[PDB]
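**Student:** Dumping the structure here so I can ask a few things about it.
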Number of protein chains: 2
Amino acid sequence: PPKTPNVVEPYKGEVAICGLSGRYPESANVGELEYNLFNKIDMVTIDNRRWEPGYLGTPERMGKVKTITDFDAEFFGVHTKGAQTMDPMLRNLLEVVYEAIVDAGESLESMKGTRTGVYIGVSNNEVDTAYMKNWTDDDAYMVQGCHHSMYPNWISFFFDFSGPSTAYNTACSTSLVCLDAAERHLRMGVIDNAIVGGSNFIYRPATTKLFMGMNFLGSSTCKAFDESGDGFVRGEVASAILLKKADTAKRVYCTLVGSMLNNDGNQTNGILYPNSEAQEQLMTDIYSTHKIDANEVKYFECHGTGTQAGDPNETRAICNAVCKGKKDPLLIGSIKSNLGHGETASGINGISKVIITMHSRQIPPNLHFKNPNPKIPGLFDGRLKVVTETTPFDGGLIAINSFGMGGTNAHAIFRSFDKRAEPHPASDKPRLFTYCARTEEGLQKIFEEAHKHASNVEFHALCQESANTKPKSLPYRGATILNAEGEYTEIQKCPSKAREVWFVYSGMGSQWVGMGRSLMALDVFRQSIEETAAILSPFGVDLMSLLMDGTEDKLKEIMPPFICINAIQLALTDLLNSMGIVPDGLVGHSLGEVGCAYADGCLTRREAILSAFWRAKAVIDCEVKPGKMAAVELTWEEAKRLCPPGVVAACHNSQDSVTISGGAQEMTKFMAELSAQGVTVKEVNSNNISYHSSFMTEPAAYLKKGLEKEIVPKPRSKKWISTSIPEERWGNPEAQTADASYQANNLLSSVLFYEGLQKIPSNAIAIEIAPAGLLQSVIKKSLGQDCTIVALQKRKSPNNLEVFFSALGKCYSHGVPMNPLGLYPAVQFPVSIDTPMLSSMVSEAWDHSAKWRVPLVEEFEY
Amino acid sequence: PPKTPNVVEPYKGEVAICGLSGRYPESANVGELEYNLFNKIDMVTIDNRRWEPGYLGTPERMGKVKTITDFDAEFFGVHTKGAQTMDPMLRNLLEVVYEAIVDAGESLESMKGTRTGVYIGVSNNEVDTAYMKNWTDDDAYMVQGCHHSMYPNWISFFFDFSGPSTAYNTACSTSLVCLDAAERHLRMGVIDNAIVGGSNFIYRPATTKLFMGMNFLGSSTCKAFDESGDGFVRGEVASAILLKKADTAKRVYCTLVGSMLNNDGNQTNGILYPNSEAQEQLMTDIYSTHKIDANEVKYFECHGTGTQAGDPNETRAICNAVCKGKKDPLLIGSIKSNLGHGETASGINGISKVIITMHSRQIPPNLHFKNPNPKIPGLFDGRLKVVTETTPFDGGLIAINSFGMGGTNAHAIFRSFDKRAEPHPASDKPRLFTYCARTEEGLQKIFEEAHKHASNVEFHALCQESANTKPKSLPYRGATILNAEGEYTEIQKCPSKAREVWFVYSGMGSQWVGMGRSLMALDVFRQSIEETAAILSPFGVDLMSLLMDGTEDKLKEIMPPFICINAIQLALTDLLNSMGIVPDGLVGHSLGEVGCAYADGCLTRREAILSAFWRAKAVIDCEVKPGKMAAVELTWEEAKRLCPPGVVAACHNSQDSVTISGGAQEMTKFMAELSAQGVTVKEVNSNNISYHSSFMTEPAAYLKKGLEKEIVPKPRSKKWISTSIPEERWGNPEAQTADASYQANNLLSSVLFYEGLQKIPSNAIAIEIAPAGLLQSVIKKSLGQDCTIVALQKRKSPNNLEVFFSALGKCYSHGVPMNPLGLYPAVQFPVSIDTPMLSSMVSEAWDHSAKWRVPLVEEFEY
């Protein structure tokens, strides 16, 4: 009952921005914003998305996002009634927050329960008036859907964050204020992560008219640093970022050196007038507290609203505080001239640009800068230089100013992260890319993007870090192969309920020339085979030669089949374990029980391979009489009654398959007699030996004598289902350890494969681990229709690695977690700064079939 | 041009709440709230202040403030257009912030330019809908009057604060979130003070209907901890507090041990459901981080909204985190049951109660607690106990919770300040209480309250700390006497322009019996007189005996007159300097020039007293033939010519009055001839001497010889206006130092009093410093009508201390800064916790003649 106090201690490490996502004017994702910025494309347009271009005399051009009517409600657990009475800003913010979380290499399960704080910045409350004009019952939910305090809380509620959730309104400087609050809470020890963000959507034209009444808005776009500047143009943003401790971040766009806030105070020019002195003091304080040399700043994202009275003061402060002592012009810019003014969200906009400038290593151009402002001496003195075209920002510090209406200035500094990517052993060999999404089209787009970056392993690691989300959240599970000779792609909708995984190990009959030869490409497979060969070498067996240069004649012998089959099974088990597949159940045929024991942990590699070798040695050394085994088409009881003398039913494979075996003469006459009555008695070439019959009475004991001194008794887990000891005898001691007695019993007693398969559920994923899918038909007939059956290898296939990857992709698509990157050396985190952005794919991979209510112009008039 | 960086370093000291003010339901000030709380008076009433009791089916009872239509716009520099388009919440918050600043012993000039941050908490935005329904031009000012971000910024703009100004919206718990932010900014070194506050007004009945739609509201009042509780009732608050560093605070209600915040995270009971586990974890974290023994809490201000699902969870957390190990029941309570639910401002309400509980040393009772809730176990096991009646809280820690909707919780701990008051040497003697206000009625109420606390000196010091505000801000200046035998009270409206203060020192003739006997009550006056007497003792003069036991026969001689008048002048100058009155100009009559020299700093106490003693000795040592002086009502040009040889004109008193001085025979004859013609030859006693004439040739030289070895030449400041050397010789060297030459010249040459008085402005406040008010008529006739004339003493008055205090009160009322408390030992800060609150006086002393626009119900329907 007592609760352990949380350790709240100061943090002295670095704070890194890991994820970024958002909706920007004429941009549905960060990638579109980057493309528009780097192509000198104006994101402010003239249309009637919100209202007619000129309604009530408002300015025609505006910065508007593509759509504000879509929201994946069922993903966030919001019923239709709540979603309808939900601000579009909050819905877009939730989607953007999830996209940013995914971008930083995190996932729903990883971010749940963490000490993360939300610091949303929102001020637009026009939705209240729109929805309250004709208020009726069932609109009560608005309290939890429209209130500005619920914007962060909802984010904390869905992601299960347990940190300070707050909504800020400082106007224009609000986003950097939220960043400062997040930094303050991070450095005191309250939280380890922050979800700093902000939103701003335009709904009310009368708000634009009221803004124009104060001369805030101009005629043309935001001509920042231009002599013709006379105002700004309203814009829309729904962006958010994720902050973390640099020692635990999996991706670091940059590092937050420090942020600071202040107020201009009292001035004789009015409350709505920037104070250059206060801004200069703020910048001096921030640059002196952190000992940052102001001459090292390479780029400066200014608060270039384009106003005549605003730009000169910002420029004067910059020159007096930052350009003092600089030996080269300081590159200044502002994103307002590109996508307009974001209002309360403006602070986030610049941050986004900074991340872009700190990810692509290029400074986006500034638009509408034709003639320098004569009131700006710096532009003529060489101290300042507006970036009118792409510039190669190599590295350093970037400073952002977000001065706000009313007089609350804010400054922040970011340090670049220089970890340029280096080659990986992978990125030139086939790889398995597994992911999940909400829609089939989104998953296909994600796979296309992954193929576009098939040569990047850091991107694959970032995708995999969030590729194990439960089917309940992301139902469309898919798998593909990058750098594949043959195109492969599987996508399927997986039910919320989780199915059971049942490893199935095959016995004899799966041998062939070239087994596992392709799989030698994988390092883990080759290492496992080499270890097995080294273990078996002291016994005069060269596994490497048999597996690589072995021929059909060699495989005809008794030992090489057992040795190679066991080695391949062990290698496949090692591969699966390295990937991280946990078998909920284990079953095996004859000679497959050793593999089941090895996988279950009751046996070891050396003990398993020695058990197989001892089985082969006992079979060969003993002069077991000319024997015969045959797969009759009789039922278990019917075969147990037709069995003549010197003939006993060995393997109950399927409900219509028996492996009746005995002496060669007795087996021959019984075969002809069964074919006389008429049944499909095919001969199973068992190296002319009758296993699991009375003829095994001598070898089995020998095997025991061979294995009594090697196999250390160990308990058998409930996962492993014995196929040699009847259920009625499971409770007895003999069925508790896989010692030499167990091996002798399974080599002697009949194989109850059907009985073991009966224990499998009706919708379990059974993975057939063997050199070839020998038991595919038997397992399919046994389990049923609702059970998925896969084979990790195909007989005489031209490329078994592709078959292995395809089977594993199918298994993942059916809803079994795995780590495809476990077959290669782990990627060192944080990843290189060259890794692409994962936010876009999630942004365009949403389920947006339904359309929700949006405020209408007619609701603002009355 | 370079700016000195501010030193931003961590703060490890204590944070203290200094000021508190606010408007609460059925309470216009903190005093009314305290009285109602301690008298078990329900603050929620039924009436049509906002809307009809039942309009739209909303609950009839509600918590509403007295008025929201009042605002002193001219005080805050807000024009009528801006004030009209200004939220009533913002106006009330500004007034409350000023009242809280005054309460903490601070003033406008003291708080200007400080590194203070504003952390306003506001969520209500219904005013926008009301004002935009019929929007027309001239309403653009709503950006700077209605936007939430302007709530703190305005406070920062008016008071000239240069710290982070922010507006928080965290639903309920917003006030505690702002307190946490203020603590974060205080401990990191950005700011030294904080203006944490919040407001919440109700305008829209449809909002109440919306809240009822979710079952938030109940039927009756908030029955916290009652089995019949089914909801809460909305309330209104506009309260704010001031925080400071404990080492600079002049008043400390309590100390902020620590505050913390967290979120309930994800739960299966819905987003709008309290999480007991999260609250318990928050309590454990806060009580473990600060090492505070949870068993030391005496009172617990709970978030007792009265809801069935809220109170049990909060109480469970409280008795699982705080009551564990307690040996006595923990006294729990909530202010919601008294004045309803404040919503966004709810937190501040609790803080207010805490301050009251931490000021009056009594816990206010909890209303409507009749039957304990069966679901709350702690009320039956003795762990908890709801305070149903006033309880004597002696001291310790008080914890406050502000759990809000969504799940964002907040906890804070306050430590009591135990500095019980001790007696002062004052509080039983008459004192001068000077103050300023916006209205005459407010100033009268302030004086009444001060008289009510006439026995408290800490309250007087707190009032004094803000009693020197410039007339431009507070025009009504007033002065009264506490512990006065005779009632005195002066109040006057002082123009914004500051007048010039001119000390005037009178000469001979002001002698009488008892001069300064009453003024001996003051310590400074007595010490000054004792110092002068000790200095003069080596020369065989007992100043003490003459001043106290002296008789008319004493003043019949020459030496005692000079000695006593000069000693009184020095004592009065010392008193004025101690009170902190800086004379902008100095002038004096004959024998008063020594006083002007002493007050100007060119002369010292010893040098002045010895100059006077030498003046008297030069006439009582060398033989001077008998002569006389008269007061002929001739002009200077008339008298100077009318007088025969020997008779001359001595002092130019005013535009028509001239002293004439000569030999006893020449005089008598010329005076008689004058008397023949219409002229008032009113003879004056001079001990048969004729000062400032040719007869004074011999003494003056002697005086020089006496003073050449004592008076060290020192420069004469421009403030001192010489009355012996005409303007034509002021630039000459002789008029540069008040050495023996100056004394001889002034004792010899004529006194140009009229010429010196001409230099005084037309509206200067002239203070006549002398044992008696002689030159009142002459000075009044000299300057004119627009100048203020005051005399510090009155001849043969029965109580000269009262006359002196009344003179100082008039001088202050006419606009001269002073420190009446400088006559007594300085009060040690912070003051004792028993000092009353100064916020109520300012709250009830506003200028509320005008009525401004308020949202109307009809504007919310359309």
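Going through the structure tokens in order, the chains are called A, B, and so on, while each chain numbers its residues from 1 and the ligands are numbered from 1 in the order shown.
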Pick out the chain B residues within 6 Å of chain A. Count only C-alpha atoms. Give them as an MDAnalysis selection string.

**Tutor:** chainID B and resid 5:6 140 149 153 156:157 160:164 166:171 210 213:214 261:263 265:266 284:285 406 862

**Student:** Would you save the residues of that selection, restricted to N, CA, C and O atoms, as a short mmCIF file (atom, residue, chain, number, x, y, z; two decimals), in the first residue's frame?

**Tutor:**
```
data_model
loop_
_atom_site.label_atom_id
_atom_site.label_comp_id
_atom_site.auth_asym_id
_atom_site.auth_seq_id
_atom_site.Cartn_x
_atom_site.Cartn_y
_atom_site.Cartn_z
N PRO B 5 25.06 42.13 -18.28
CA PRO B 5 24.20 40.95 -18.09
C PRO B 5 23.71 40.84 -16.66
O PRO B 5 24.44 41.14 -15.71
N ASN B 6 22.47 40.38 -16.51
CA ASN B 6 21.92 40.12 -15.19
C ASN B 6 22.48 38.81 -14.65
O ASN B 6 22.71 37.86 -15.40
N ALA B 140 -11.75 47.55 -31.63
CA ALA B 140 -10.49 46.85 -31.87
C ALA B 140 -9.65 46.76 -30.60
O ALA B 140 -8.94 45.77 -30.40
N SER B 149 -3.95 36.81 -22.73
CA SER B 149 -2.52 37.09 -22.59
C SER B 149 -2.26 38.49 -22.06
O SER B 149 -1.17 38.73 -21.52
N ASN B 153 0.27 40.81 -18.80
CA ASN B 153 1.09 41.83 -19.44
C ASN B 153 0.70 43.22 -18.97
O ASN B 153 1.57 44.04 -18.65
N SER B 156 2.21 43.79 -15.82
CA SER B 156 3.63 44.07 -16.04
C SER B 156 3.83 45.45 -16.65
O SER B 156 4.83 46.12 -16.36
N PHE B 157 2.90 45.90 -17.50
CA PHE B 157 3.07 47.18 -18.17
C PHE B 157 2.88 48.35 -17.20
O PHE B 157 3.67 49.30 -17.20
N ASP B 160 5.60 48.26 -14.45
CA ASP B 160 6.95 48.28 -15.02
C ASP B 160 7.76 47.05 -14.64
O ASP B 160 8.98 47.13 -14.48
N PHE B 161 7.10 45.91 -14.48
CA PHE B 161 7.82 44.67 -14.20
C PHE B 161 8.56 44.19 -15.44
O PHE B 161 8.12 44.39 -16.57
N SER B 162 9.71 43.56 -15.21
CA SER B 162 10.58 43.06 -16.27
C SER B 162 10.86 41.58 -16.07
O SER B 162 12.00 41.11 -16.16
N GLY B 163 9.81 40.82 -15.79
CA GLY B 163 9.92 39.39 -15.60
C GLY B 163 8.92 38.63 -16.45
O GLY B 163 8.02 39.22 -17.05
N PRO B 164 9.06 37.30 -16.50
CA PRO B 164 8.13 36.50 -17.32
C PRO B 164 6.67 36.74 -16.97
O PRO B 164 6.24 36.45 -15.85
N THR B 166 2.88 35.67 -17.87
CA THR B 166 2.22 34.54 -18.49
C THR B 166 0.81 34.38 -17.93
O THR B 166 0.52 34.78 -16.80
N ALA B 167 -0.06 33.80 -18.76
CA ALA B 167 -1.42 33.45 -18.39
C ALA B 167 -1.58 31.95 -18.53
O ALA B 167 -1.32 31.39 -19.61
N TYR B 168 -2.02 31.30 -17.46
CA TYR B 168 -2.17 29.85 -17.42
C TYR B 168 -3.65 29.48 -17.43
O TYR B 168 -4.49 30.18 -16.85
N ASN B 169 -3.95 28.38 -18.11
CA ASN B 169 -5.32 27.85 -18.16
C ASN B 169 -5.23 26.35 -17.88
O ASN B 169 -5.01 25.55 -18.79
N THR B 170 -5.42 25.98 -16.61
CA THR B 170 -5.36 24.60 -16.17
C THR B 170 -6.68 24.18 -15.52
O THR B 170 -6.70 23.31 -14.65
N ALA B 171 -7.78 24.79 -15.95
CA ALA B 171 -9.07 24.58 -15.30
C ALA B 171 -8.90 24.92 -13.82
O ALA B 171 -8.25 25.91 -13.48
N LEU B 210 -24.54 24.23 -19.50
CA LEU B 210 -23.58 23.27 -20.04
C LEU B 210 -22.90 22.48 -18.93
O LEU B 210 -22.77 21.25 -19.02
N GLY B 213 -25.20 19.99 -17.56
CA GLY B 213 -25.40 18.86 -18.46
C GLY B 213 -24.51 17.68 -18.14
O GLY B 213 -24.86 16.53 -18.43
N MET B 214 -23.35 17.93 -17.54
CA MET B 214 -22.41 16.88 -17.15
C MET B 214 -22.52 16.51 -15.68
O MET B 214 -21.63 15.83 -15.16
N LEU B 261 3.18 19.53 -8.90
CA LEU B 261 2.06 19.25 -9.79
C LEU B 261 2.27 17.89 -10.44
O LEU B 261 3.40 17.41 -10.57
N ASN B 262 1.16 17.28 -10.85
CA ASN B 262 1.19 16.03 -11.59
C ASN B 262 -0.15 15.85 -12.28
O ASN B 262 -1.07 16.65 -12.11
N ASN B 263 -0.26 14.79 -13.08
CA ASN B 263 -1.48 14.47 -13.81
C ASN B 263 -1.93 13.06 -13.44
O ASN B 263 -1.11 12.17 -13.21
N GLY B 265 -3.06 10.94 -15.32
CA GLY B 265 -2.73 9.99 -16.36
C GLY B 265 -3.96 9.31 -16.92
O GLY B 265 -5.06 9.87 -16.97
N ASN B 266 -3.77 8.07 -17.36
CA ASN B 266 -4.84 7.28 -17.97
C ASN B 266 -5.52 6.41 -16.92
O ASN B 266 -4.86 5.82 -16.06
N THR B 284 3.13 12.10 -1.60
CA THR B 284 4.34 11.43 -1.16
C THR B 284 5.58 12.10 -1.74
O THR B 284 6.56 12.33 -1.03
N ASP B 285 5.54 12.44 -3.03
CA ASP B 285 6.69 13.07 -3.67
C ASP B 285 6.98 14.43 -3.04
O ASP B 285 8.14 14.75 -2.74
N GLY B 406 -9.99 17.03 -15.54
CA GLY B 406 -9.00 16.44 -16.44
C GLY B 406 -8.04 15.50 -15.74
O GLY B 406 -7.81 14.38 -16.21
N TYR B 862 -28.82 34.23 -29.54
CA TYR B 862 -28.98 34.63 -30.93
C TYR B 862 -29.06 33.40 -31.84
O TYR B 862 -30.15 32.98 -32.23
#
```

**Student:** Please list as a JSON list (two decimals) with N, CA and C atoms, in the first residue's frame every residue within 9 Å of region 49-59 of chain B, counting only C-alpha atoms and excluding residues in the same chain fewer than 3 positions away.

**Tutor:**
```
[["chain", "number", "residue", "atom", "x", "y", "z"],
["B", 46, "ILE", "N", -29.15, 34.08, -3.37],
["B", 46, "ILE", "CA", -30.10, 33.95, -4.46],
["B", 46, "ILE", "C", -30.60, 35.35, -4.81],
["B", 62, "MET", "N", -25.98, 31.01, -6.16],
["B", 62, "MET", "CA", -24.69, 31.18, -6.80],
["B", 62, "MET", "C", -23.82, 32.07, -5.93],
["B", 64, "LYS", "N", -21.48, 35.23, -6.03],
["B", 64, "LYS", "CA", -21.21, 36.38, -6.88],
["B", 64, "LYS", "C", -20.60, 37.50, -6.05],
["B", 66, "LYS", "N", -19.68, 41.55, -5.13],
["B", 66, "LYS", "CA", -20.61, 42.66, -4.91],
["B", 66, "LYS", "C", -20.86, 43.43, -6.20],
["B", 67, "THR", "N", -19.80, 43.80, -6.91],
["B", 67, "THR", "CA", -19.93, 44.60, -8.12],
["B", 67, "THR", "C", -18.74, 44.35, -9.03],
["B", 202, "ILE", "N", -18.67, 35.07, -13.75],
["B", 202, "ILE", "CA", -19.72, 34.34, -14.46],
["B", 202, "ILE", "C", -20.57, 35.35, -15.22],
["B", 203, "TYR", "N", -20.75, 35.11, -16.52],
["B", 203, "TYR", "CA", -21.52, 36.00, -17.37],
["B", 203, "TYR", "C", -22.59, 35.25, -18.15],
["B", 204, "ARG", "N", -22.29, 34.02, -18.56],
["B", 204, "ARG", "CA", -23.14, 33.29, -19.49],
["B", 204, "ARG", "C", -23.95, 32.23, -18.75],
["B", 205, "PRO", "N", -25.27, 32.38, -18.62],
["B", 205, "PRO", "CA", -26.06, 31.29, -18.01],
["B", 205, "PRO", "C", -25.99, 29.99, -18.80],
["B", 206, "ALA", "N", -25.86, 30.08, -20.13],
["B", 206, "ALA", "CA", -25.74, 28.86, -20.93],
["B", 206, "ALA", "C", -24.51, 28.06, -20.54],
["B", 208, "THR", "N", -23.54, 27.77, -17.40],
["B", 208, "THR", "CA", -24.03, 27.03, -16.25],
["B", 208, "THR", "C", -24.87, 25.84, -16.68],
["B", 209, "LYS", "N", -25.72, 26.03, -17.70],
["B", 209, "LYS", "CA", -26.50, 24.92, -18.22],
["B", 209, "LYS", "C", -25.59, 23.83, -18.78],
["B", 212, "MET", "N", -24.11, 21.93, -15.93],
["B", 212, "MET", "CA", -25.13, 21.05, -15.36],
["B", 212, "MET", "C", -25.36, 19.83, -16.24],
["B", 217, "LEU", "N", -22.88, 20.33, -11.27],
["B", 217, "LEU", "CA", -23.53, 21.11, -10.23],
["B", 217, "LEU", "C", -24.57, 20.27, -9.49],
["B", 218, "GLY", "N", -24.71, 20.56, -8.20],
["B", 218, "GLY", "CA", -25.70, 19.92, -7.36],
["B", 218, "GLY", "C", -26.94, 20.78, -7.18],
["B", 219, "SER", "N", -27.70, 20.46, -6.14],
["B", 219, "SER", "CA", -28.92, 21.20, -5.82],
["B", 219, "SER", "C", -28.65, 22.30, -4.80],
["B", 220, "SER", "N", -28.14, 21.93, -3.63],
["B", 220, "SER", "CA", -27.85, 22.87, -2.56],
["B", 220, "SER", "C", -26.37, 23.27, -2.61],
["B", 233, "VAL", "N", -21.41, 24.57, -6.32],
["B", 233, "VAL", "CA", -22.05, 25.79, -6.80],
["B", 233, "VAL", "C", -20.96, 26.73, -7.31],
["B", 856, "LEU", "N", -23.94, 41.50, -20.86],
["B", 856, "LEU", "CA", -25.35, 41.34, -20.56],
["B", 856, "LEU", "C", -25.82, 39.97, -21.02],
["B", 857, "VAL", "N", -26.83, 39.44, -20.33],
["B", 857, "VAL", "CA", -27.36, 38.12, -20.68],
["B", 857, "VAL", "C", -27.85, 38.11, -22.12]]
```

**Student:** Just want the 6 Å neighbourhood of residue 243 (chain A), counted on only C-alpha atoms, with same-chain residues fewer than 2 positions away dropped. Output as a list in words.

**Tutor:** residues 16, 17, 18, 193 and 194 of chain A

**Student:** Which residue is closest to residue 370 (chain B)? Choose from B:85, B:388, B:788, B:427 and count only C-alpha atoms.

**Tutor:**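 Closest candidate: B:388.
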
**Student:** Write out as a PyMOL selection string all residues of region 59-303 of chain A that backbone DSSP assigns to helix (DSSP H, G or I).

**Tutor:** chain A and resi 73-76+80-84+88-103+108-111+126-132+142-146+150-159+174-188+205-212+276-289+294-296

**Student:** Given only C-alpha atoms as the basis, pick out the residue of A:275, A:338, A:84, A:259 nearest to residue 63 (chain A).

**Tutor:** A:338

**Student:** Which residues are close to residue 708 (chain A), i.e. within 8 Å by only C-alpha atoms, leaving aside same-chain residues fewer than 3 positions away? Reply as a PyMOL selection string.

**Tutor:** chain A and resi 704-705+711+739-741

**Student:** Which polymer residues have any atom within 9 Å of an atom of residue 800 (chain A), counting only C-alpha atoms, with same-chain residues fewer than 5 positions away left out, as a PyMOL selection string?

**Tutor:** chain A and resi 515-519+792-795+805

**Student:** Write a file of the selected residues as a compact mmCIF listing (two decimals), in the first residue's frame, keeping N, CA, C and O atoms.

**Tutor:**
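Output file out.txt follows:
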```txt
# COMPACT_ATOMS: atom_id res chain seq x y z
N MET A 515 20.69 -27.91 -48.24
CA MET A 515 19.88 -27.41 -47.14
C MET A 515 20.62 -26.31 -46.38
O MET A 515 21.80 -26.45 -46.03
N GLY A 516 19.92 -25.20 -46.15
CA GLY A 516 20.47 -24.11 -45.37
C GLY A 516 21.67 -23.44 -46.00
O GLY A 516 22.35 -22.64 -45.35
N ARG A 517 21.95 -23.76 -47.27
CA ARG A 517 23.11 -23.16 -47.93
C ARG A 517 22.91 -21.66 -48.12
O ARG A 517 23.84 -20.87 -47.92
N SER A 518 21.71 -21.24 -48.52
CA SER A 518 21.43 -19.82 -48.66
C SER A 518 21.45 -19.12 -47.31
O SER A 518 22.04 -18.05 -47.15
N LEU A 519 20.81 -19.74 -46.30
CA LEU A 519 20.76 -19.14 -44.97
C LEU A 519 22.14 -18.92 -44.37
O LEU A 519 22.24 -18.24 -43.34
N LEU A 792 9.54 -22.25 -42.73
CA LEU A 792 10.70 -21.38 -42.81
C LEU A 792 11.60 -21.70 -44.00
O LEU A 792 12.45 -20.88 -44.35
N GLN A 793 11.43 -22.87 -44.62
CA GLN A 793 12.26 -23.28 -45.75
C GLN A 793 11.41 -24.02 -46.76
O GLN A 793 10.35 -24.57 -46.44
N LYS A 794 11.88 -24.02 -48.01
CA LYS A 794 11.22 -24.72 -49.10
C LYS A 794 12.23 -25.63 -49.79
O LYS A 794 13.39 -25.25 -49.99
N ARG A 795 11.78 -26.83 -50.15
CA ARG A 795 12.67 -27.82 -50.75
C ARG A 795 13.17 -27.32 -52.11
O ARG A 795 12.38 -26.86 -52.94
N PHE A 805 12.50 -15.01 -44.94
CA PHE A 805 12.01 -13.66 -44.67
C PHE A 805 10.52 -13.54 -44.97
O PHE A 805 9.78 -12.88 -44.23
```

**Student:** Can you measure CA of residue 617 (chain A) to CA of residue 594 (chain A) for me? One decimal in Å is fine.

**Tutor:** 15.6 Å

**Student:** Rounded to one decimal in Å, what is the spacing between CA of residue 65 (chain B) and CA of residue 236 (chain B)?

**Tutor:**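 So the answer is 6.1 Å.
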
**Student:** One decimal, in Å: what's the spacing between CA of residue 514 (chain A) and CA of residue 555 (chain A)?

**Tutor:** 10.7 Å

**Student:** Name the closest residue to residue 294 (chain A) among the candidates A:413, A:829, A:530, A:685; distances are taken between atoms, counting only C-alpha atoms.

**Tutor:**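 Of A:413, A:829, A:530, A:685, the one nearest residue 294 (chain A), counting only C-alpha atoms, is A:413.
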
**Student:** Which one of A:782, A:145, A:735, A:621 sits closest to residue 702 (chain A) if you count only C-alpha atoms?

**Tutor:** A:621

**Student:** Within region 457-569 of chain B, find each residue whose DSSP state, derived from the backbone, is strand (DSSP E or B), and express the selection as a PyMOL selection string.

**Tutor:** chain B and resi 476-482+489-493+501-505

**Student:** At a cut-off of 9 Å, using only C-alpha atoms, what residues contact residue 813 (chain B)? Leave out same-chain residues fewer than 3 positions from it and give the result as a ChimeraX atom specification.

**Tutor:** /B:434-436,476-479,490-494,808-810,816
